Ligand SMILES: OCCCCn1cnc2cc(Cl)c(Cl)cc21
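Only one chain is shown below, in structure tokens, and it's the form solved without the named molecule.
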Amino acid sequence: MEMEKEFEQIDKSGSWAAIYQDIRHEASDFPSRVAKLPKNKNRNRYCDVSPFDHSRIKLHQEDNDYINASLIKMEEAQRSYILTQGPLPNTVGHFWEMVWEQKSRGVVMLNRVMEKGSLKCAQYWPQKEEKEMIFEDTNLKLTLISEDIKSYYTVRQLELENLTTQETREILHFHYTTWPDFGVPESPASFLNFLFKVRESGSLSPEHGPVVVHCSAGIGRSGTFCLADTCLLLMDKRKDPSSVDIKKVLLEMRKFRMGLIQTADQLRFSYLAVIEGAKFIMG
């Protein structure tokens, strides 16, 4: 494929940092006024990772509608994603409120609760079935129904209950547990297989609200997940799969949330993920 030849070109010339800088310079810039508001300071994890106003998800409460989350709407691929930060101790209720209101079926987690000896994420789901979580601020109940631990990922069945109305929904929690503390994975095989597993569950399908994807900031590994999935979908859809430009898709995604793909090594990994992922469907 012509993407692999472009990949081999940048590899031989060692210009991954230069290509990544080009994207960084070309990337969209939009206001994040609501995010920067002083009352929303404790709702943000990082000062430099904000949702654009135009694509931000609004909570259905008149008090404070703010959550650090962006709707990425891919028109041509017919796919939507919510990218958000790993919830904070104070925003765990907000997080599940969004899952409920947006009618999400799947939650994709691409980090461990602890990485590099620091807390990257609040423990926002129950670890034992007998110990449910109740979120008093958003009036929601969350129960672990089942857990399936595998070598590279863990899938959890969760029940989310709106306590005001008593409706229940099954939420699928897809947790990629083997992303290395430093850098990117050596082989995209595990990541791609994880992707296919999320796909197979119907969590990315149009009959459901957009999947909720997060890592620490919801931009680095989260960007990779959405970029790979969209590129692969487009190669299936288009007349001429070679016309899929990963850089062009990324820049289109960057219109909805900042900083998707954080390093040149993450971009290289994305290429590899798309290249290897295509080879699984095209032999």
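For every residue, the number given is its place in the sequence shown, counted from 1.
Look at the mean CA B-factor for 227-235 and for 23-31 in the entry; the higher one is 23-31. Comparing the deposited coordinates for 273-281 and 1-9, the stretch with the larger average C-alpha B-factor is 1-9. You'll see in the entry that, of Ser118, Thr84, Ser151, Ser203, the Cα B factor peaks at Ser151. Of the candidates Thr91, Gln166, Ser80, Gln102, the one whose C-alpha carries the top B factor in the deposited record is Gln166. For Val184, the recorded CA temperature factor ranks within the highest third of the chain's modelled residues. When all modelled residues of the chain are sorted by CA temperature factor, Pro51 is found within the lowest third. For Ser70, the recorded CA temperature factor ranks within the lowest third of the chain's modelled residues. Ranked within its chain, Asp137 lands in the highest third, by CA B factor from the PDB record. Ranked by Cα temperature factor within the chain, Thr178 sits in the middle third according to the deposited record.
Although not depicted, the form deposited with the named molecule bound is the subject of the following passage.
Residues of 173-193 that come within 4.5 Å of the named molecule in the bound PDB entry, judged by any heavy atom, are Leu192, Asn193 in sequence order.
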